[PDB]
Every structure is written in C-alpha cells, then in structure tokens.
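S.K.: Got a structure here, written out as structure tokens. Questions coming.
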Amino acid sequence: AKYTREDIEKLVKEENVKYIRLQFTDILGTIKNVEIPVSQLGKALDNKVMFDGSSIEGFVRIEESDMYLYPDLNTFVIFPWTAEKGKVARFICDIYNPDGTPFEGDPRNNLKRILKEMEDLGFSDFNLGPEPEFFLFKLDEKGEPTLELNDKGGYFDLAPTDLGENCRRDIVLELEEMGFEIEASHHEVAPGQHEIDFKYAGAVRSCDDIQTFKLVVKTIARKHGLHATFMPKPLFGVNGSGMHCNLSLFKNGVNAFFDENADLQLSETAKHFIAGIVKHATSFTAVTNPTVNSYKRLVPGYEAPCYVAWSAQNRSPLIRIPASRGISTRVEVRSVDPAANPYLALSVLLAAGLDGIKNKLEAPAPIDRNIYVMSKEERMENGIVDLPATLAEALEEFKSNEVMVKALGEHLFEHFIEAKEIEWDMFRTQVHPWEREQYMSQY
Amino acid sequence: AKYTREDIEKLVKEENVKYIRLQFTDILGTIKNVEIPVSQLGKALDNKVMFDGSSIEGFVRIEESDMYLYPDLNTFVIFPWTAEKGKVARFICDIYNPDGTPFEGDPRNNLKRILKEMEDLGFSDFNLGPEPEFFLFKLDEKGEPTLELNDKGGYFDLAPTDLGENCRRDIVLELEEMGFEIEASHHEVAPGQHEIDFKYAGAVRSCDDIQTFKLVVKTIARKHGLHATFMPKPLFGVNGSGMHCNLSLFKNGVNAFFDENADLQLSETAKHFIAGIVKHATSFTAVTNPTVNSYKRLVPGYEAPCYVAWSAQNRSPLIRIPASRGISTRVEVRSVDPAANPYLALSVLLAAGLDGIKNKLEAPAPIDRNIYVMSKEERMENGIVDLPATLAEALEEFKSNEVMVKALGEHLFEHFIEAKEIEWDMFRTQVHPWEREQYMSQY
Amino acid sequence: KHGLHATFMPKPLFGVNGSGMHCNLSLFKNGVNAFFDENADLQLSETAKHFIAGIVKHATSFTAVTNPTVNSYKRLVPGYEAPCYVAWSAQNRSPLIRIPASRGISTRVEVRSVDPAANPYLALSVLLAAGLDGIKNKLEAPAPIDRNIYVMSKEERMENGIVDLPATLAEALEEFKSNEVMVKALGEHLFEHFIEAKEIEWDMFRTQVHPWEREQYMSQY
Ligand SMILES: NC(=O)CC[C@H](N)C(=O)O
Ligand SMILES: [Mg+2]
Ligand SMILES: [Mg+2]
Ligand SMILES: [Mg+2]
Ligand SMILES: [Mg+2]
Ligand SMILES: [Mg+2]
Ligand SMILES: [Mg+2]
Ligand SMILES: [Mg+2]
C-alpha cells in the first residue's frame, strides 16, 4: 500500500483539509462525484456513504438505486488550488451494492475484472502509456467558449512563451507537484492543440490518472480564460484529437513483449497480442470511439487511422511499435480518442489482447508503404479492413462480437448500447445547416 | 401531334416570340437549357443545334463532349409573363449523339426506353398523377432566402386570402393559361407548405410537366418576394415535402388495374404491380430519394413512410390505394419526394412494377393495425422491412439490385452512384454545429 | 442597367472557375473550308493539321499576348478546365487545342487558352501567325492526347512533347521575345510598347506586399 487509515487522518488534520470529494466515473466516461465535509471522513472511510448509483447509467437513467461509496486510500490526493476556508482532497471510489458486493455496472470494477482475467493467464501487470491531446479555445465576454484558439503554434514548436498564460506548463507543473509522474509535453500539429504524456503504469492507476488529468486540465485552462476540450474533431479541416495508448504486458515483473533473439525483438506473445487487436478493432471501435463526432476524426489526411493494420513506421497505422526495446517494449493503439472512458477502453483492449494470446492468433503482415492510395478493392485483397464510417456502423459491429460484449458486462453493455443508439438517433434526425446550404436553392 | 412545324413557325410569328428556350434535364434532377435568338428557330427545328452533352452528368463532369438537341414540337409553350423586347418560348428536347443515335445518358430517353418495355407487354399507357408539395420562405433585404415562412396556414386551410400575394392561386392561374390540366391545389400541414395536383397524364408528358411546374413555381415565387423550395426536409421538427405518384397501367386505353367483380376491384395485373413495388422499394429509394436531406424526411412522426407495406387506409403507408375506381383505379407511391428526378423516378418505378407483373409476383398482406406499435422484431417478423436510414445505405441497397440497375442504364448508373457517393462523403466528413453543441463541453 | 457589374477579368475569385474565351478558327480557300478533308484521318486536311502544329509550336510564346494581364496566369492553373500544357485532342479534360465534332463547313480548330482580357485584334494576329507559320513550313503535328495530363508528372509530361505554359506574366514575356516569328506578328511599334507596359505591370505586381504574405509570415517569423 501507500497510505494507511491513520496516515490519512494525520494528513487531513495537518494539511487542514476540510472538503472531501468522493470521485467516480459513469458509462460515458463523464467524471461524477459525491462530496462531503471533512467531518464526514470517518463515515466515508468505513464504506458507509450512500448515493444514487443509477447516476452511473448517465442520461439513460430510469429508476433510483441506493449504493455505497468505497474509497481507495491509495488514491488519496490533496488538490493544490483550494485553501479558502480550508483545502480539498479526493478519493477515487469503487461502487458497491447495498449488499456489500461490488456493483458490476461500474467501469472501474469492470477493468479490475478483466485484469484478474489477465492474472489467470498468469500475468503480473498491464501497462498504459497514454498521450492525451487537447484543444484550448478562448472564452468570450459572457465567459462562454468560442472557436478562437489560444495560439497559432504547430507541431513541437516552442510555443507559447514563458511570459503569460502558458497553460501546458502550469498544468504539468501542477500535476508534477501533485504526485503525478509526467514524461514530457509539447504543442500539437493544429493551432491551440496540446499533449501531455505520463509515465506508464498499471491499467487501474493509469485510468484513474487519466480522469484526474482531464479534470486538472479543464480546471487550469478555465483559470486562464480558456476552454479545454477533449472533443475528437471540434473543427472540420483541422487535426482531430486522439489518445494513443501504449500497452505492455508483464510476467513476473518482466516485460513479456520483448525478446532479443527475436525478429524486431518482439516476443511471440507480442505477436499474438497484436494479432488480437487486429481482429477486434472494427468491433471495439464503438467503445474506444464512443461519440458521433469521434468518426469525423476518423477521416483520411489527419494522422488518425482508418484501417486495421500495424506498422513500425507508417503515415497513420492503427497499431504501431515505437523504437525502444527491453523494458520499453510496447504496443501502441492509435485509434483511441479522449472522449473514451479510459476504464472501458482499457478493458475492451486488454480483453482483445488476451483473446489473441489465449487462442494463439496469427498476427498479419506489417504494412509497408501505402494504405492511403491502395484503393478499397486492393486494400481488401490484402486483408486490410476499414473501420466503421459512423457510430451506427460501429455499434452494429460491437454488438456482433461475442468476446467484446463479454469484456463490458451485461449491465455496462445493455446501457452503453442504449445510450449510443439514442445519441445516434438524434444526430440522424437533425437537419444540419449544411443541408440547407446545399439543397435549399438547388432543389 | 399537337402542332406541326408550320403552326409552330406560324405561331412564333403572330405571337412575336423573340427568344427560344431549348430545355433538357440533367441526371441530378436539375433543369437546364440552351437559349437561342428567334433567328435560329430553323436551325433548332432541324436538330442542328449543339452543346456540351456532358452537362447531363452534372458536377461529376470531366471531359467535354458535343451533342445535338432535338426539339419536341408537341412540347411547345409560350411563357405567359415574358415581355419587353418580345416573348419567350420553349422546347423540351431529346439529346442525340453526334452520330444520330440517342444519348444513353439522357434521363428523358431512359424513360422512353423503359416505356417501350411496357409496350412489349401490351400496355398502352403508364399514367402519373403527382402530388408536388413545396415550401415558401421570405427573402431578406439582400434578396436572400430566410428560415421564415410566408404564412402560418394549416392542412387544407384557406391559405393566403384573395388580396395580394396568394402564390398558390397565381401559380395555378398561370399554369392553366399555359394549357395545364390542374386537378386542384391546397395548403399543406405546415406553415408555408403548398400543394398543386395535376390531372393524370402519360409518364413522359407528366414528367415534363413536373419539370415545367417547378420552373413556374420558382419564377412566380420570386415574383412575389418569396423563395420556393422543394427541399424534402427544409426544417427539423415540421413536416417534410413529398411527391406522391399516383400510378396506373393501361391496356389499350382502358385501366388495367380496375376489376369490377374482384377482391377490392383490383385486378391480378394490379396485385402483381403492388408486389413489384414492395420487393424493390428498398432498392429504388436512392433514386426516388436522391438527396442526403431526403432521409431526414423518412423519419417517424409525419406522413412520410419509413417502411415497406401497402394499405387502403393507414397512417403513412409506402403504397396507398385511393377510393375512386373504374378509369380512376390507381396505385399511389408515397416515398418519392420533389427532389427526385422525375424521369428517373418513373423508370425505376415502372421497372419494379413490370418486374412484378411478368414474374407473377405474389403481393403481401396489406397492413391495417398500428404499425407504430410493432417495433423492429414485430415488423421484421412480418413482411415489413424498414427503408434505408441514410443515403449511404440507400446506395448500397440500390447498387445490389440487378433489376433496378438495368432500369437506369450503364451510363446513368455509373455517374449517379459517383455523384451520390461524393455527396455523402462530403456530408460525412463535415463537422456540424450540433456536434460542437453536444460535445464541446461534455468532453 | 440591371444594377450589376460585368467583368471579363480572367480569374476574379480564387478557387472558383475562371473566365476564358476559346477561339474557333478556320481557313477558307475558294469559299470552302481548307481544314476539311473527307477521306483522311478525322476528316482533317493536311492544311488543318499544319495549322494546329504551328499553334503547338508558338503557344508558349504567344500566351503573353492571348493572356496579357497578371491575373491571366491565375486561371492557368490545374483544376478548372483551363489548359496548362501545350497539347491537342478531340476529347480531353482541359486541352489547349480542341477539335469540335462538326465537320464540313463547321470544321474548326478551337484554341482554349485565350481569355477575354486579351486584345481580339492582337490575339488573332498572333494566332493566325502561328498558324500560317505552320502551313508555310509544313510542320508536323504530334499525337493527340488520350487521357493523362493532370495525372502524370511534369517530368513525365516532359518525357513527351508536352511542355507547360508560362506560369507567370513575367515568364510568358521572356518567352514572347525569345520568338522572332511572334514578335514580327505585332511589329516594332505594337511590340515595343506592349512589352514596356507589361514589364511595368509586372514590376508593380511583384513589389507589392500582399495580405497573403502577411497572413503567413507576420507571426510565424
Ligand atoms: N501522434 C500525434 O501527435 C498526432 C495526433 C493526431 N491528432 C491524432 O489524431 O493521432
Ligand atoms: Mg435500465
Ligand atoms: Mg500524439
Ligand atoms: Mg502518439
Ligand atoms: Mg464520366
Ligand atoms: Mg399531400
Ligand atoms: Mg397522398
Ligand atoms: Mg468551348
């Protein structure tokens, strides 16, 4: 462990914490929370706090449901801002049923499920290195976001300077001085676009850190008259945002993807694991790419993938293997975007990985040069399948895949489809202005 | 023939026509023309006038290819308003290849081609009674259309009073002067929505009239400071515009759907015709509903059909059989909208119809009870398939159907699919504000 | 009168189609069309094919006269049915010379590079000249095009007889003077002044700092 009961109780009093956030996540990755006064800390810690866990369903919510909040002492942090009438702290939580057993519909409990699944396969840890990219827009006079970007910088160029706003900096600085362990940051292709990358960790810790990240970001940028967004494709004709996930499996504390005397120094396991991501992509896209707008980013020309394939050096491969070996031997899935619920994504990915490891699946040819030109037909004759063009399509594929459905859980699954189909249904019946411009005088 | 080149030449003079409009239609429904001074009437009549035939292929045009214009003297018309300097007149023309053969790309030639099929099966005529519905919005100071309607009238309401505007009256009064045979007009179920019904007529002559119609409407509308539109679904949340087509088959000038001592007075010739529409509807939709915006009209809640089935009394059936019998015995198709290209719509329809007659297709049970209650499973488990949700689907479907492909023509089919696909691809990559509204703060 | 402004400016709007003024030409010898030869390939006479050949020869030279203004070279850009290469065909996307279908009396060569800003008396002078210079010297026309101008590369178009038009007024001018047959087609007075005015027009243009240049560099540098 990291923190013990009394360690926490000492921390709270000394640091003058006065407001605890009991933090959790809903199906739509949205970050929920029940918040108590410091004085309630005890009730909390004894796992006695109750709330309406149907909040987990998001808007598909129908009936109320009393559930318990189980804090996780090791996820205890004190927020650096705060300090008004006292400081704030949080606890990430696992949602239990009123009968003491963990609530399945909880995404955090769901990953812990597939993780245990991994251990039965005899593995030690599942590592994630995420690279979450975001846009910073400006807030208008009313304090309302606009389409104005925070700068005009590009890829990796030093911008903005150290005199003023410099969100990215102040974010990494806050994160670092707040327990985080960041690797690096940089400006991204599109103007106003940014990326912070954290050191790898185990799935749960990595997903918890992604949810805390987003928040800390959203927060910092608001503080500088800016609006942060993790919306995949906010603007047509510019780069969208994505969250490539760097994945690695350990066995007995040792990377199991690596192998010196091998080809590419990638272990047989590696090759199999990859194999799995290859055959489940089209059927797990709906989860890694959960919003309607997610598929507007999945268009050719913007670094984002569009076909199921893996390379070591290509324009925009679904999967790619970075240079480093040894401990850094890893598989990177580049489909995933920020909108995705980290817990659901990691669980649907781990699950597809293990599946290919379990059933010893044969990884396909690594793609050399050109998936862009090589038209549909040819691309097909090479076993290169296209991702779903729309959320609708993505759903029809997810619903067809037995193992992917099992990765979610009857409850999580049922409600996730429920949400997405209504989400799509709305967007489909909507008459966008584009239609009016194209058709109103034409016809 | 209604005129002889002498009555034409005579009339042109006594009436002082100074400008001839040789009008034809492109594959995209659009109404085109080449204008020549009266001093060239002779060159036109002798089928000598040339132009860029590839204009028929619309925006997917690549190379330029000359072609002739053969004016149909029976389609002669002297526009009423036209003055100052002299009058104007028109000729609907057929497109011929530089080498005397008819251009296979011309949608008007196509109809005539399918119509011939009909003749081979001994039927004399194929009749159409179209129900063209359209919206009327206001022009701003700049002469630009607005989202504001010219009235707040309702279904069959006495729209605009006989003082001033009354566009629907003037349209009809002008149409009647031009030797039109109008059955009756009326206000439709939404503010600014109008309808004018024509007397039944033969497929070609009626199809020609539809085109002329939208012209006259367009013209007079502006004349009143308004903007006519046949866009199937101008605005989300109100009724869409459709163009039902009352179809009937004649075997030597004697309605072949009528059958006195018969079940519902519908002959077996009729019953088959229904069947053909039923099986093919899903496949001919991309043609009768050519626009992206077309599928926003094909949504539950209005009178527009969302699934295949015929009935004599229903909420919104794809096929409906009106009361009148004898010479008035007809099948009504209610999916077609005013954006569809008349000549193509009839070819694809005649095509599915005849396909059902010659193959003695068995028509399904007519629906009666609320299909609105039966969901997919229920509807599915019966002869009730859903129509295509998006242009994309309507296209795949269409291009799958061998008999609906032979209905169009290789030339016409090649480009129609090309245009439509790009139309779709442009819409798919577009980022609409709705998306920014939904996601820019949620994520 | 109708409250509008007509322009014959070649390319008023970036990214939209430009205005051209194709020219259908024909030579008559004894009241008959010297271009029509019903019996030879494409019913085109040896007279006709020669004429075409000369246009192919002097195209890159006369473009400064048939497309005089600076804006004219903005229309000479790929994508809009305006020719960019010296070539001919009876049927292609954007040929410099097109041969229409009509035969007999209607047998003609259409030159598609000419824009409406050209001077009609100079554009025909130069065009007739390149054409007379072909018949006079019996010049051989190359092969027409099948279907690959914008498709291949400049180095590829090059590995054939297909050269590009000048990409600028300044470039087109340097080509105009290089040619003696074309210069003579105007003559001392017309030639000297045209050059003097066009060169100026061009120096004027090239010293100008545009909003585009400020949009890209003002901040980036
Ligand atoms: N790898 C990169 O930095 C490119 C990110 C790009 N926005 C994407 O969607 O993948
Ligand atoms: Mg429920
Ligand atoms: Mg990146
Ligand atoms: Mg990356
Ligand atoms: Mg073509
Ligand atoms: Mg109606
Ligand atoms: Mg009706
Ligand atoms: Mg021309």
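Chain A uses Swiss-Prot numbers throughout; the residues present, in order, are 2-444.
Looking at the header, which is where the method is noted, we find X-ray crystallography, 2.9 Å.
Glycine residues also receive a Cβ, built from the backbone N, Cα and C atoms like all the rest.
Per Swiss-Prot, the feature domain 'GS beta-grasp' maps to A:16-101; the stated evidence is sequence analysis. The site 'Important for inhibition by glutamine' annotation in Swiss-Prot covers A:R62 and rests on experimental evidence. Marked as domain 'GS catalytic' by Swiss-Prot: A:108-444. Feature annotation from Swiss-Prot assigns Mg(2+) 1 binding site to A:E132, A:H245, A:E333. The Mg(2+) 2 binding site feature in Swiss-Prot is assigned to A:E134, A:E189, A:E196. Taken from Swiss-Prot, the feature ATP binding site applies to A:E184, A:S249, A:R316, A:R321. Per Swiss-Prot, the feature L-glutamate binding site maps to A:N240, A:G241, A:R298, A:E304, A:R316, A:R335.
Describe the structural context of these features.
M.R.: For the domain 'GS beta-grasp' (A:16-101), the number of residues in each DSSP class (helix H, G, I; strand E, B; coil) is 20 helix, 38 strand, 28 coil.
Look at A:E333 (Mg(2+) 1 binding site): DSSP puts it in a strand. Shown in sequence order, A:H245, A:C246, A:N247, A:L248, A:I320, A:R321, A:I322, A:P323 are the residues of the chain, 6+ apart in sequence, with a C-beta less than 8 angstroms from the C-beta of A:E333 (Mg(2+) 1 binding site).
For A:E189 (Mg(2+) 2 binding site), other Cβ atoms within 10 Å of its Cβ number 20.
DSSP assigns A:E184 (ATP binding site) to a strand in the three-state reduction.
Counted within 10 Å of its Cβ, the other Cβ atoms near A:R298 (L-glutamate binding site) come to 24, all protein chains included.
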S.K.: For a Cβ distance below 6 Å to any atom of ligand 1, name the recorded positions from A:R62, A:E134, A:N240, A:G241, A:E304 that qualify, or say none.
M.R.: A:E134, A:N240, A:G241, A:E304
S.K.: Return only the integer: C-alpha distance in Å from A:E184 (ATP binding site) to A:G241 (L-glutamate binding site).
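M.R.: Spelling it out, the Cα of A:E184 (ATP binding site) and the Cα of A:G241 (L-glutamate binding site) are 23 Å apart.
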S.K.: Taking only the Cα atoms, work out how far A:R62 (site 'Important for inhibition by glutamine') lies from A:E132 (Mg(2+) 1 binding site), in Å, as a whole number.
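M.R.: Given the Cα positions, A:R62 (site 'Important for inhibition by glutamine') is 32 Å from A:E132 (Mg(2+) 1 binding site).
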S.K.: Out of A:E132, A:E134, A:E189, A:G241, A:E304, which of these binding-site residues is nearest A:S249 (ATP binding site) by C-alpha distance?
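M.R.: That would be A:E132, nearest by Cα distance.
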S.K.: Would you mind reading off the Cα separation of A:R316 (ATP binding site) from A:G241 (L-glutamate binding site), to the nearest angstrom?
M.R.: 15
S.K.: Mind telling me which of the binding-site residues A:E132, A:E134, A:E184, A:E196, A:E304 has the densest Cβ neighbourhood, counting other Cβ atoms within 10 Å?
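M.R.: Selected residue: A:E134.
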S.K.: Rounded to a whole angstrom, what is the largest C-alpha distance between any two of the residues A:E184, A:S249, A:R316, A:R321 that the record assigns to ATP?
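M.R.: Greatest Cα-Cα span of the listed binding residues: 24 Å.
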S.K.: Cβ neighbours within 10 Å, counted over all protein chains: which one of the recorded positions A:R62, A:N240, A:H245 has the most?
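M.R.: Ranked by Cβ atoms within 10 Å, first place goes to A:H245.
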S.K.: Which of the three DSSP states, helix, strand or coil, fits A:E196 (Mg(2+) 2 binding site)?
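M.R.: DSSP assigns A:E196 (Mg(2+) 2 binding site) to strand.
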S.K.: For the recorded L-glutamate site formed by A:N240, A:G241, A:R298, A:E304, A:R316, A:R335, name the remaining residues of the chain with Cβ within 8 Å of the site's Cβ center, in chain order.
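M.R.: Other same-chain residues near the L-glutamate site: A:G243, A:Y303, A:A305, A:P306, A:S317.
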S.K.: How long is the line from the C-alpha of A:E132 (Mg(2+) 1 binding site) to the C-alpha of A:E196 (Mg(2+) 2 binding site), rounded to the nearest angstrom?
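M.R.: Between the alpha carbons of A:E132 (Mg(2+) 1 binding site) and A:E196 (Mg(2+) 2 binding site) there are 6 Å.
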